[PDB]
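Chemist: Before I ask anything, here is the structure I am working with.
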Amino acid sequence: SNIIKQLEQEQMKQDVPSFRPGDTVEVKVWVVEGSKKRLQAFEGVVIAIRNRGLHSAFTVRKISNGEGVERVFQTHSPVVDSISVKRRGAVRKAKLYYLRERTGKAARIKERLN
Amino acid sequence: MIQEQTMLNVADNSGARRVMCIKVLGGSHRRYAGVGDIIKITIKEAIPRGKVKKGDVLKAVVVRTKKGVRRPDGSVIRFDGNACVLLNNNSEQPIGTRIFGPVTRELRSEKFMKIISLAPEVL
Amino acid sequence: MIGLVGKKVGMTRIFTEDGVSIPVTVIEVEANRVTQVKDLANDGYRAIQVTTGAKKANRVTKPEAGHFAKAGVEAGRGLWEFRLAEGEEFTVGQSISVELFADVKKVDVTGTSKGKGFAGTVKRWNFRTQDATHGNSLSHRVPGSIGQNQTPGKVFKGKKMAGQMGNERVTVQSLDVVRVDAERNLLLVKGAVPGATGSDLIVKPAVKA
Amino acid sequence: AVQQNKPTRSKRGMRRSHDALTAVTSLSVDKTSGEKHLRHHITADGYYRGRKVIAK
Amino acid sequence: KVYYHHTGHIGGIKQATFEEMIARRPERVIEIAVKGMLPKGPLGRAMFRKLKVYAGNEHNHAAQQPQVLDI
Amino acid sequence: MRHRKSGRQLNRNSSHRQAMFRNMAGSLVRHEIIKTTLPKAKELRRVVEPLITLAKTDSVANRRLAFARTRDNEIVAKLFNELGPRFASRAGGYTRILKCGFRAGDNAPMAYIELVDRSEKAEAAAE
RNA sequence: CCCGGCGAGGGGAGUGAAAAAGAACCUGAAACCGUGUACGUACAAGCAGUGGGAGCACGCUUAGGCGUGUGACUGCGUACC
RNA sequence: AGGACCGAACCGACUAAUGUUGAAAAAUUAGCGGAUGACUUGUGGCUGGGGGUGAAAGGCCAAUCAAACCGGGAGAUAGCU
RNA sequence: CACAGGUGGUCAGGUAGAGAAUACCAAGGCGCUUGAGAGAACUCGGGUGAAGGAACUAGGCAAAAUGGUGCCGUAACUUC
RNA sequence: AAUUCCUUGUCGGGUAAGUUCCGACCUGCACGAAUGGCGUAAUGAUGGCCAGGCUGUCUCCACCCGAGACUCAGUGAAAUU
RNA sequence: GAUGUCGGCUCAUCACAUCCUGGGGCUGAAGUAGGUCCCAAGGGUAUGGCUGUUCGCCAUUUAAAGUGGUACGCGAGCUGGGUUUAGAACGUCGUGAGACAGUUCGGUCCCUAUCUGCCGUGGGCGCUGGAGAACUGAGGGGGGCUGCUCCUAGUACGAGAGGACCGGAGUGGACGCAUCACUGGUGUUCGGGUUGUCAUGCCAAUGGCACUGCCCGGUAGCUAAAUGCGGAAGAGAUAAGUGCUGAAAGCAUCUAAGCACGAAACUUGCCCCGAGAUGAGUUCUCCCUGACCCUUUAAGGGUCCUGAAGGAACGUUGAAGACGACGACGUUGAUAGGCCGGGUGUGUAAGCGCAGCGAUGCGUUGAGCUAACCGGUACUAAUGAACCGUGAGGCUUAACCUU
């Protein structure tokens, strides 16, 4: 029918801020738990492009302190609380790997600016 | 882990350096572990002031997989390495009081209130 | 009870309010258009003939066309039939669609099977692949001796060997309806549909006790 | 492998019975010429449904 | 008397009740009773194909006029 | 098996396949009219048309862009100047396959490929 | 003289007693593969034979129940050195 | 300087992947050692079968080696098949 | 055998690179003749791999990583 | 121990483990001083074991590409019998 | 004149004399627990080490770690790791050659399937006029395993501690099927990056070639390591077993007549193949209603006119597959390629201005370029035919047709 490959675009949220890989961001999320609601954030650099209709996620890599850890927060999830853009940078590459082990002043790549 | 042998990282003040998976628990005719899984470790090193000594065999649960770990959205927390928190060998909950390095957010349950209230990550 | 002939159309990792996602397969509900509504007036046969689709029908045979004439007069895509229970059927205008799954919690799902080319030696049967070493004579891959010896002196039936898929049915059995959607016309089922996407399926209320 | 005994000549014609060349069910001529055709391909002079194509 | 066969699968002899062969397809109990009484392959296949039993008290040879026989 | 796919693999490895297409799309601009095997004519069709689309209207900067994607000197000299005003009156089907028949040397099914408005043509035979 | 590259190969026509002596030419088996015809092969089964046999083609069987060849089918039945 | 090294050409073949009615009467590709030395190596000559020739394996003697090839005794012998 | 085999003398162009390795390339050779299409098992060749790290196997074996120049830094043993 | 009738000796060690391997011991095969012995640097494509960089050998196998198979076209074997 | 092995990978299958659940009897068994235990082939029955190891030892999982056979399964499947004294040589023995059931080092192993099977698949014929569509079940297999705790239930029972089972429930484990959105794999028909040389006259910019040069991201497809998920309520015929009424022996008793209950096996239900089932099938939809000569005639032969419904070759081709078949589909056409809008990919093209020492980056532009997926578009190629199939289609008994 006319439904195939459209239903991904139809599901896809429209107030989500605009992006390129190397945009740093903050994912704000819940702890979930047994009955009590608290919040938490995760910040870093996003090393790679999303846009997957409903399945779209920020794969932020954190790299602030300690050994590297990559986190995937799916955007379209109701427990994902808030999204500041902060810096929106350019890289002309698909992967950021040389910063995996260095976490000190590593997740703060520039705003592309005027 | 997924294979036979597998050294992986100490996650507690219990030991040093590396400690060895001898088996997976929570079924048989298994070679390989799921995401939510309980591992069997021998301490392959130890530390003199740790809870345990070289070649003592105890129970454990996953905190990092180098592949990545998932449950709630199916989204992965993807790591630099495999690492494991020892449990009590029969009586559950961790034996060590500190986690060393980052944690998942797939560990967020009543039987793990011990390990997630720690400060290095997911508070 | 019958099926609703669907279309395989869509796959979604879907959210729920509680912070949980469900992997899902997404099905376009088309309406049943009846042909004749066969009942036990004629022979011992009791079953309802239903058409889910439409075709140009410039090449169709007149034997298919009188079939369609007696129907909802919509040049049907083709004929499927389903056995039925609890008395003779209601004969006019039936249009069976999303309402069928409102108290049907789990469905069976009968595909038109799985379309995996040859399938055949090793791949169909999840065998081991022969050793990559020892200079093995014209063998990096072999299924194994398929019998034994003279003692039976034959090859038994139902041993795992060769052949195509042959596109029979395959029932997965008892996978969950996650939601049904009027207006958008989606049946979201929790489990998978057989075949590549754009394939036909049956989605029928579950068979099992 | 090998074989037990020398096979029969009736066997050689039976094994070949399904692999043989099959009939064309007659032929085509043009709508538009006295030139004969090749069914559902085009002659060198373009004749199929008249016009002209491919004058090589 | 459990009408023994082994078509090609699963350890065991496989079987069929005395009760099926009259309750379902009721012809078969007589068919495979006279069968072993006939010579080799081919001529016993021509002997055999002359018997019909049908379902029972519903025979279709009304028009031939059958001569009744008590045994 | 090959479900939900498109296009065709012809005769050899990828390093050969790109190098063969540079010969074959260049021959197109040099002979204007060709005959080949029918799989071979589709890949020939599918190579040339997207270049034509870019080239459908004249632009020196887009001619520099076209030299970036397809680095041949023959194609970038024909495109924009010559071939641009030619195909301006179409949106796809700048060229057509005429199913000329089977190959004489063996039996492979062939198609002839012919630019859409081709009416001036060479009068020698081809095989 | 026909087909054909200008080829290969055969044929017709003509030559001789003879080419049913055509050039690798003497007459010519048997393996060998293929054609033409008859009868046969889809209730169909193993040394393929033996014993019994519907049928049909051909033979004016003086028609006087036959000859010729094959044979549905089937009782019986384990090669030779 | 070097019976030193890593390493081509140039000589080999510890192992590995393949070849096994092969592409080929050990070749192909890759790891590996010798490569100024007790080396590699052209030309021309020479020893002849239980005899040569061997840093020795009962090695090597015409893509052949725990017994070369040919012409003769010789129709060896046959308690055997 | 148009053998993917074997074979001595002489010569020595460009860039990058320990160098006559080696990537491309001037002079020069040359398309090692089944073809085209498909892209089944399977065979051989060719490319790749999550997590693991020999757990494969008799055996860490073409697997695969390593390799060059510059620099800091450098063990027991030793005929230095 | 390359050496051991028994035997995979006893115990420590790496080890998830340990017939082998290494260290110690004798409760010692027929060990044992030029078919030499203790001990040793460098050396050998040398043997046994281990962790790591690293790896499809494998756990557990998936897909992609080409030459045969296979499709379409040509020619056209062999072990056997 | 050939039945040819250990050890190790692959692949199994049959006998139940059952490792186990499941129904039940005994107990010096109260219940728990142990001992005793019949029925029963249906089904599940783990992995690393050392060694060439069957067997050994050791570490470990799970409720669990079976019994017997197979040229002591399986080189017309795999390998010499072993036998290894083709071969040195250590240890040992003999004057020695040579040997060793002591030992260590690497080490050549064939076969394209005749008939036969097994799985998959087509052709040919027949179903009685033909054709196209759904379809029934004569027959024959899949699943059949098995743990957990929660209720049932601290209750009967026992001196007390303790303490029943079936049935409902969700869920693991083995086993098995399907799936590609998730998480990974690949994705030689998508974008980007990068070392080198060769090239586009030269510069800006850029590409061929080095395994797809190398390398990272990647759609749809396929795929497991990831994803979904059965293993059933019910029924009957029972088994062992508690009986009931009841004898030999005035009774008792599962037995002879008789009838209640009584297991995953058996007949099944749930699942799949299946009309050649020659007692060859039904129901729905479609079409064919002209003619003469001859002879043996439920008949065939010749011939005029004449062959529909339907088929197939042929054509582009597929969400189907070796070949085919199956399927979209041939201008009436969205089949395919192009092309447009959208999908999902990549990270802001080339050109122009500018900052900067220049490489380069950046505003112009949130760019350009783009594969398989969806809808549109006839832009482009699939002409008119011809051909297999024909003019209502067997005898005969009974029923109906003036019959």
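Chemist: Whole number please: convex hull volume per residue of the Cα set in the protein assembly as shown, in Å³?
Modeler: Numbers: hull volume 257.6 nm³, N = 700.
Residue-normalised Cα hull volume stands at 368 Å³.
Chemist: For the stretch F:13-116: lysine pairs with Cα atoms under 17 Å, gap of 8 or more or different chains, count?
Modeler: Taking the Cα cut-off of 17 Å, the pair count is 4.
Chemist: Also: In chain B, which longest range has no trypsin sites (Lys or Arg not before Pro) that are both DSSP loop (not H, G, I, E or B) and surrounded by at most 16 other Cβ atoms within 10 Å?
Modeler: B:68-97
Chemist: Taking only C-alpha pairs under 8 Å that are 6+ residues apart, what is the relative contact order of chain E in percent?
Modeler: 21
Chemist: Also, quick follow-up: Need one value for B:74-84: mean number of C-beta atoms belonging to other chains within 10 Å of its residues' C-beta atoms.
Modeler: The shielding value for this peptide is 5.
Chemist: Let me confirm one metric for peptide F:27-36, namely the mean number of other chain beta-carbon atoms within 10 Å of its residues' beta-carbons.
Modeler: 1
Chemist: Suppose a student asked you for the relative contact order of the stretch F:13-116, using Cα pairs under 8 Å spaced at least 6 residues apart; what percent would you report?
Modeler: It rounds to 34 percent for the stretch F:13-116.
Chemist: Now for a separate question. Using the Cα centre of chain F as origin and beta-carbon charges of +1 (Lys, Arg) and -1 (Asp, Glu), tell me which of F:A122, F:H31, F:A61 is placed farthest towards the positive end of the dipole.
Modeler: It is F:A61, whose Cα lies furthest towards the positive end.
Chemist: Kirkwood hydrodynamic radius, computed over distinct alpha-carbon pairs, for chain C: how many Å, to one decimal?
Modeler: 20.7
Chemist: Run through the stretch E:17-71 and list the trypsin sites (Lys or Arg not before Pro) located in a DSSP loop whose Cβ has at most 14 other Cβ atoms within 10 Å.
Modeler: E:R24, E:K40, E:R49, E:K50, E:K52
Chemist: Rounded to two decimals, what is Rg over Rh for the stretch F:13-116 when you use alpha-carbon atoms and the Kirkwood radius? Walk me through the numbers on the way to the answer.
Modeler: Details: Rg = 14.3 Å, Rh = 14.4 Å.
For the stretch F:13-116, the value is 0.99.
Chemist: Past 23 Å, Cα to Cα, is the threshold; run A:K37/B:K114; C:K154/D:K11; B:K44/B:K114; B:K54/B:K114; A:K13/A:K36; B:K23/B:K54 against it and keep the listed order. Kindly include the intermediate steps, with their values, before the conclusion.
Modeler: Numbers: A:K37/B:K114 18 Å; C:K154/D:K11 25 Å; B:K44/B:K114 25 Å; B:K54/B:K114 25 Å; A:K13/A:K36 28 Å; B:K23/B:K54 17 Å.
With Cα atoms farther than 23 Å apart: C:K154/D:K11; B:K44/B:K114; B:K54/B:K114; A:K13/A:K36.
Chemist: Loop only per DSSP, at most 16 neighbouring Cβ atoms within 10 Å: give me the chymotrypsin sites (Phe, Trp or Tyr not before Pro) in the stretch C:1-76, ordered by residue number. Can you show the working numbers first?
Modeler: On the way: sites: C:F15, C:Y45, C:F68; in loops: C:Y45.
Here the chymotrypsin sites (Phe, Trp or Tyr not before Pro) that fit, given the DSSP loop and packing criteria, are C:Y45.
Chemist: Would you mind calculating the relative contact order of chain B from Cα pairs under 8 angstrom and at least 6 residues apart, reporting the percent as a whole number?
Modeler: Numbers: 278 pairs, mean separation 26.7, N = 123.
Worked out over chain B, it gives 22 percent.
Chemist: About its Cα centre, how strong a charge dipole does the stretch F:13-116 have in debye, to the nearest 20, once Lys and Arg get +1 and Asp and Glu get -1 at the Cβ?
Modeler: About 200 debye.
Chemist: Taking the Cα centre of each part, how many Å lie between the stretch B:1-49 and the stretch C:122-173?
Modeler: Each part's Cα centre sits 36 Å from the other's.
Chemist: Nearest 10 degrees is fine. How inclined is helix F:38-54 to the longest principal axis of chain F, computing both from alpha carbons?
Modeler: Tilt of helix F:38-54: around 10 degrees.
Chemist: Would you please classify the overall shape of the stretch B:23-123 from the alpha carbon gyration tensor, given that a ≥ b ≥ c denote the square roots of the eigenvalues, rounded means a/c under 1.5, and beyond that prolate means a/b larger than b/c while oblate covers the rest?
Modeler: On the way: a/c = 1.62, a/b = 1.20, b/c = 1.35.
Cα axes put the stretch B:23-123 in the oblate bin.
Chemist: Give me the dipole magnitude in Debye, nearest 20, for the stretch A:23-80 about the Cα centre, with unit charges on the beta carbon: positive for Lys and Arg, negative for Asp and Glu.
Modeler: So the dipole magnitude of the stretch A:23-80 works out to roughly 220 debye.
Chemist: Find, among the GluC sites (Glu not before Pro) in the stretch A:1-96, those assigned to loop by DSSP (not H, G, I, E, B) with at most 14 other beta-carbon atoms within 10 angstrom.
Modeler: Those that pass, being in a loop and sparsely packed, are A:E33.
Chemist: Taking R0 as 35 Å, what FRET efficiency do you get between C:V37 and E:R28 from their Cβ-Cβ distance, rounded to the nearest 0.05?
Modeler: The pair C:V37/E:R28 has a calculated efficiency of 0.45.
Chemist: Where nothing but the Cβ of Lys and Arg (+1) and of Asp and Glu (-1) is charged, how large is the charge dipole of the stretch B:42-123 around its Cα centre, in debye to the nearest 20?
Modeler: Roughly 180 debye for the stretch B:42-123.
Please note: Cβ atoms are built from the backbone with ideal geometry, for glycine as well, and neighbour counts cover all protein chains shown. All of the numbers you see were taken from the coordinates with simple rules; none came from a lab.
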